[PDB]
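# Structural characterization, general
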Amino acid sequence: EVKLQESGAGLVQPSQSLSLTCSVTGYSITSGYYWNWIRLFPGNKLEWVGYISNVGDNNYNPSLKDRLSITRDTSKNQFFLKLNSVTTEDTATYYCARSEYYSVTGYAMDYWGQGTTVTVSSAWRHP
Amino acid sequence: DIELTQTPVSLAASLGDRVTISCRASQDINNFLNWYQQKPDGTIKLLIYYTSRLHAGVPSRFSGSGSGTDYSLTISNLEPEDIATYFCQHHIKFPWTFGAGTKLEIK
Amino acid sequence: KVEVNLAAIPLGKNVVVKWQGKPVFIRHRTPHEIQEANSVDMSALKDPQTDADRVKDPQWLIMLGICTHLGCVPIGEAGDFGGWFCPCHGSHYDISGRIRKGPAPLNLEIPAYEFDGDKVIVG
Ligand code: FES
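Each value, and the rule that gives it
Residues numbered from 1 in each chain as written, not as in the entry; some residues may be left out. Chains lettered and ligands numbered in written order. Part of a larger assembly, values for the part shown. Heavy atoms only, no water. Disulfide = S-S within 2.5 Å. UniProt positions renumbered as here; feature names shortened; annotations may be inferred. Helix = DSSP H or I, 4+ residues; strand = E, 2+ residues; numbered from the N terminus. Buried < 20%, exposed > 50% of the residue type's maximum accessible area, 1.4 Å probe, protein only. Contact = heavy atoms within 4.5 Å. Buried area = accessible area lost by both parts, 1.4 Å probe. Salt bridge = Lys/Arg side-chain N within 4 Å of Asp/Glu carboxyl O. Polar contact = N/O pair within 3.5 Å; in protein donor to acceptor, adjacent residues only side chain to side chain. Nonpolar A, V, L, I, M, F, W, Y, C, P; charged D, E, K, R; others polar. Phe/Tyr/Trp six-rings, centres within 6.5 Å; stacked < 30°, edge-to-face > 60°.

- What the entry reports as its method is X-ray crystallography, with 2.30 Å given for the resolution.

Spelled out as structure tokens, the structure:
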């Protein structure tokens, strides 16, 4: 069975960089399909952020393409999201998920992460 | 950029009866339409892919039809944990876009 | 050039049809099997292939039922990997028809095929 465990700062100050890590176990990132990042806004509107293939190719949503950076680390088997210069807009619960691809049926996200809630608050938090 | 419209928006029902949600896209998508289930606890699962194909584990009471630009998601009975928010995406071209959402409540 | 009517094949059943004197395996896979197939790490395969590299529609597994070791025809729904077992020298294939154990060096070959509604055309 495949498992996706998410971790990272659940609260960042505006103008800073949000960083989330998605640890995968039971299947290697380099082995095959697509590794995506998506966010769920409080107003219930899912948005596809982007992905990184098993080869290492990136594909970002044009809406955020100039800010984010989805990298990986084959050794530890985990991919990351890095959304630069955040704003109150970026306040959402982020999900990492795997999507398969069959030439006929197309893409489909079959394995989802737990979901990491991030808040762009100006508040102070113990690191 | 294509955009879907999940209607009805957050409609409730009883403790065991059929319900039909829909998803209409701005442009034309072949049949590349998936359906997700967001549990109240935040757990999101895949239910249907390619407008009608069932995923592993999803009960037989889940259907899926439509084509062109109009789609569906029928259920047999909400008995008992069918209560969650349902979404729908397309994938004929990047970027992928989801629907507005459709919460399912029990009166 | 053989035509097979997919609409005739039930849920989790195997159908064998002749094509150029060689047996062609066709299985209408169940949702659970499809997941089982696409959830295997390449590190556990002597002939590394994703289920997607092998099938066009995840519902239809279409391959030549010729064991890659010495040519026997593998037995359906047998083996230690929920797929096919070759009685000749003990080669086990998974639900994607990949070689998992035994002397066979390769996964069951996939012939050229195209879909046309309820029927597929192997050849
Ligand atoms: S021919 Fe199948 S194992 Fe030898």
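### Points about the UniProt feature "disulfide bond" in chain C
All names here are of chain C.
- Of the UniProt disulfides, the one joining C72 and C88 is intact in these coordinates, the sulfur pair sitting 2.0 Å apart. On the criterion of sequence distance, the pair formed by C72 in the loop between β4 (60-64) and β5 (75-76) and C88 in the loop between β6 (84-86) and β7 (91-93) is long-range, its members being 16 residues apart.
- Owing to a relative accessible area of 24%, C72 belongs among the partly exposed residues under this scheme.
- Exposure remark for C88: the relative accessible area of 35% places this residue in the partly exposed category.

### A look at the interface of chain B and chain A
- Listed per partner, the contact involves 20 residues of chain B and 22 residues of chain A.
- When the two sides are added together, the surface that chain B and chain A hide from each other amounts to roughly 1,900 Å², 67% of it contributed by carbon and sulfur.
- Counting across the interface, chain B meets chain A through zero salt bridges.
- Counting across the chain B and chain A interface gives four residue pairs in polar contact.
- Contributing elements (two or more residues each) for the side of chain B that touches chain A: β3 (33-38), β4 (44-49) and β8 (85-90) of chain B.
- The residue inventory of the side of chain B that touches chain A, partitioned by class, reads 12 nonpolar, seven polar and one charged.

### Re the packing of aromatic side chains
Residue and element names in this part refer to chain A.
- For the structure shown, the criterion picks out 20 aromatic pairs over all chains.
- Here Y34 and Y51 contribute two aromatic rings whose centre-to-centre distance is 4.7 Å and whose plane-to-plane angle is 40 degrees, an arrangement assigned as tilted. Of the two residues, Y34 is situated in strand β4 (residues 34-40) and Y51 in strand β5 (residues 46-53); the sequence distance between them amounts to 17 residues. Judged on exposure class, the residue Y34 and its partner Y51 are both buried.

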